[PDB]
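>>> Build me a model from this:
(5 chains)
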Amino acid sequence: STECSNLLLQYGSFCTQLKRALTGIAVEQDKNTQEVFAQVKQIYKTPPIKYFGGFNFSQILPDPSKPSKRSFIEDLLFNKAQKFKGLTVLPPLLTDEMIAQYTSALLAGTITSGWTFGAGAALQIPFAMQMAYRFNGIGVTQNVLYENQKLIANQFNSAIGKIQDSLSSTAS
Amino acid sequence: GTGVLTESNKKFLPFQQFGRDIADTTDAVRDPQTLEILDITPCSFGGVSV
Amino acid sequence: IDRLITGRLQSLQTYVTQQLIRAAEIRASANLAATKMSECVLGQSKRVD
Amino acid sequence: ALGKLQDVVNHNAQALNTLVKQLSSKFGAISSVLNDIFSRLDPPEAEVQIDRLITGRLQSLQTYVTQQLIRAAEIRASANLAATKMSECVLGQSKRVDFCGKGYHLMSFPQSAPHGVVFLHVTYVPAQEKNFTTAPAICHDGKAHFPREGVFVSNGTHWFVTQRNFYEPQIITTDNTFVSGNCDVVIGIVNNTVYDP
Amino acid sequence: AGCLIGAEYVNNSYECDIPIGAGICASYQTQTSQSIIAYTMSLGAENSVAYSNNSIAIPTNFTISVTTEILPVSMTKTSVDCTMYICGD
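Numbering: from 1, shown residues only, chains lettered A, B, ... in the order given. You can find the structure just below:
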C-alpha cells in the first residue's frame, strides 16, 4: 500500500511513544533478571570430596555427565510462534547456562561458607559446626545435634528424596 | 499477494484449491494448469539497529 | 481507511496499556522474590512465616 | 549517580512535549485552524472535522492521564519503600541482611535531595583472616565440655577459645563451658584438660 | 539475534559494556587503529576455597565502609485546562 503511508503521518507521531515504551519494558525485564541472580562477584566451585559430614546433596549439585550442567531437580522443572506480520521476540541477555552457573556458584559458596560469604571474605567451616551454630539461633543447644546428627541426616535425606517424588506427582 | 514460491510435501484432497493457516492466513496454493502443491513464504524483512 | 486506522491504533494502545499493567506486577513480584532470596539464602532470618 | 532522579524529570518533560505537539496534527481534516475551517466550509459541514479533532484530543488526554496514573502508582510504591527503609534504618538498628547496605549494619544518616532522599549506611567488614585447626569439643578425665560463646581453636601445640568475629586467644576455664554427657557420642572428640580457679 | 556487520569476534572474555543479546557484548577496544570488537561476557573470577574436617578461618582485622543509596520520593504536579486545551476562543 504505497499510498497508505502518506496519510499515516497526518495523525501525528505515535510510533515513537510505543517503541520507547517497548524498549523501556525490555530494559526493565533485563534489570529484573539481573538484580535477582547477579549478586556476587566471585564464582565459587565445589571441592572434589563430597563428604559433608553425612548429608547428601546429589540432587541439587549440577550433574557433570550431561552437557546441560543442571541438577536432577532442575531437569524435571525444565522438561515440564513465528513472525506473523512483524511481531518479533527479542532474546534475553542472560542465558540458561549462565543462570545455572550462577545458581551452582551460589550453592557452592553457601555450602562452603555459611553466612559469611554474603557479608565479607569467605571463611571455611565444617558443615557440622555450621549446623551447630544455626541450631543456637532458635534455642536448641549443640549437644542435641552432636547426639542426633545421624537421625537428622537421615530425615534430611528422606525429605530431599520425597521432594522430587512430590514434584513429579503434582502436575499443577 | 507477494512472497517466495516453493514446493511443500502436502497431500491435498482433489477438491480443494485454497489454503489457510492457524492464524487465518494464506500459506499454500495449487498450480491451476499443472496440479502441483506450491508453498508460499513471506518476503524477507526485519529491523535495523546501530 | 480512517476508521480502520483509528480502530487499529486503539487496539494497539489497549495492548500497550495491558502490557504495562502486567509488567508493573511482574516487576513487583521480581523485587519481592529478590528480597526473599537476599534474606533467605544470604543468612538465617528470624521473621516468622 | 542522580540518574534515578533525572529519569522521572526527563519522562515528565517528554510527556509534556508530546502532549503539546499532539495539537498540531490533523485527525482526518483539511486543516487545523478552526477559524479557517469555520470561515471556509459551510455551517452544515463544519460539524464533521471538529468532531474528529475533539475525539482525538480527548483520546490523547485520556492516554496522558492513564500514563500519569501508572507512573504515580510506582512513585507511591517507591515512596512507601523509602519511608519503610528510613524508619527501619535511621531510628533503630536492624539485623536484616543486605537491607542496610552490604555488611553488618551499625548506623545510618539521612540526607535531603530534590525529589529524593540519600542514605549513608555504615557497615562492618572483617579482614586479614588466618587458618586455624578447630575441633567440636574437648574431653576431660570423665566428662565433656562444650563452648558457651566461642569456638575451640589450636595453634598447633595448645588449645584456646576465641569468638567468631575477632581472634582473641583465651585460656579454657570452667567459666566458659558446660558439662553435658560424656565422651562417647561426639564424632571428633579430642583429649585435653581444663583449668578450675 | 541477527547478523553483526562491523565487528570481529574475539576469543577472549571481558566485562559487558554494550549489551547485544544472548550473552554477546560489544566494546570499542584496541586489538593491539581502534575498532569495535565482539566477545562473550564473563561472570567473574575463580575463588575456589578449600574445605576439610578440622579447618577454621578467624579474621584478625576489620574495616569501616560507607555506602550510598538514591530513592525517589515524589514527582511534580500538573494541572491542565479542559475548555482551553480543546477549544480556542
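
>>> Only C-alpha atoms from now on, for both contacts and neighbour counts.
OK.

>>> Could you check how far the helix ranked longest in chain A is from the centre of its chain?
Ranked by residue count, the top helix of chain A under DSSP state H comes out as helix A:143-169. Between the centre of helix A:143-169 and the centre of its host chain there is 22 Å, according to CA atoms, centre = their mean, to the nearest Å.

>>> With stretch E:29-46 instead?
15 Å.

>>> anything in it sitting right up against chain A?
Yes - against chain A, stretch E:29-46 shows contacts by CA under 8 Å from any CA of the partner chain at E:43, E:44, E:45, E:46.

>>> what does stretch C:23-41 give?
Yes - shown here: stretch C:23-41 in contact with chain A (CA under 8 Å from any CA) through C:23, C:27, C:30, C:31, C:33, C:34, C:37, C:41.

>>> residues from chain A in reach of chain E?
Going by CA under 8 Å from any CA, the residues of chain A near chain E are A:41-47, A:90-95, A:98, A:102, A:112, A:122-126.

>>> just the residues you listed that are near chain D?
residue A:123.

>>> Filter the residues of chain A next to chain E down to just the ones in strands.
A:42, A:43 (DSSP state E).

>>> helices or strands up against the host helix or strand of residue C:36?
Of the helices and strands defined by DSSP states H and E, residue C:36 is found in helix C:2-40. When contacts are defined as 3 or more CA pairs under 8 Å, 6 or more residues apart in numbering or on different chains; DSSP states H and E, helix C:2-40 packs onto helix A:15-37.

>>> again, only this time at 10 Å
Helix C:2-40 sits against helix A:15-37, helix D:46-89, with contacts defined as 3 or more CA pairs under 10 Å, 6 or more residues apart in numbering or on different chains; DSSP states H and E.

>>> any idea how far it is from the chain center?
5 Å.

>>> Could you turn the buried ones of the residues of stretch E:29-46 next to chain A into a ChimeraX selection?
In ChimeraX, a selection of the buried entries from the residues of stretch E:29-46 next to chain A looks like this (16 or more other CA atoms under 10 Å in any protein chain shown):
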select /E:43
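
>>> For residue C:36, give me its contacts.
Each residue near residue C:36 by CA atoms under 10 Å, 6 or more residues apart in numbering or on different chains is listed here: A:36, C:30, C:42.

>>> can you count the residues close to residue E:60?
Residue E:60: 14 surrounding residues under other CA atoms under 10 Å in any protein chain shown.

>>> and the residue most central in space within chain B, bridged to which residues?
With distances taken as CA atoms, centre = their mean, residue B:40 lies nearest the centre of chain B, 2.7 Å away. Residue B:40 has these beta-bridge partners by DSSP bridges: residue B:5.

>>> Double-check it against residue B:26; I have them as touching.
Yes - contact criterion CA atoms under 10 Å: residue B:40 and residue B:26 qualify, at 8.1 Å.

>>> Common neighbours of those two, please.
Residues touching both residue B:40 and residue B:26 by CA under 10 Å, 6+ apart: residue B:1.

>>> ok, now how distant is whatever residue of chain A ends up closest to chain D from residue D:101?
Relative to chain D, the nearest point of chain A is residue A:119 (4.9 Å; CA to the nearest CA). As judged by CA to CA, to the nearest Å, residue A:119 and residue D:101 stand 10 Å apart.

>>> what does residue B:45 give?
Computed as CA to CA, the residue B:45 to residue D:101 distance reads 49 Å.

>>> returning to that earlier point: the residue of chain A closest to chain D: how many residues sit nearby?
Neighbours around residue A:119, by other CA under 10 Å: 19.

>>> Not including adjacent chain positions, what is the nearest residue to it?
Nearest residue to residue A:119, sequence neighbours excluded (CA to CA, 6 or more residues apart in numbering or on different chains): residue D:103, at 4.9 Å.

>>> Now the longest strand along chain E: buried residues?
If you go by DSSP E, chain E has its longest strand at strand E:56-72. Buried residues in strand E:56-72, defined by neighbour count with 16+ other CA under 10 Å: E:56, E:57, E:58, E:59, E:70, E:71, E:72.

>>> For residue B:10, pull up the helix or strand it's in.
Assigned by DSSP H and E, residue B:10 falls outside every helix and strand.

>>> so what's the residue lying closest to it once chain neighbours are set aside up against?
Nearest residue to residue B:10, sequence neighbours excluded (CA to CA, 6+ apart): residue B:37, at 6.7 Å. Residues in contact with residue B:37 (CA under 10 Å, 6+ apart) are B:6, B:7, B:8, B:9, B:10, B:11, B:12, B:17, B:28, B:29, B:30, B:31.

>>> Can I have the buried ones of those as a PyMOL selection?
Buried residues within the contacts of residue B:37, by 16+ other CA under 10 Å, are selected in PyMOL with:
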select buried, chain B and resi 28+29+30
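
>>> Considering the contacts of residue B:37, which is situated nearest to chain E?
residue B:6 (23.9 Å).
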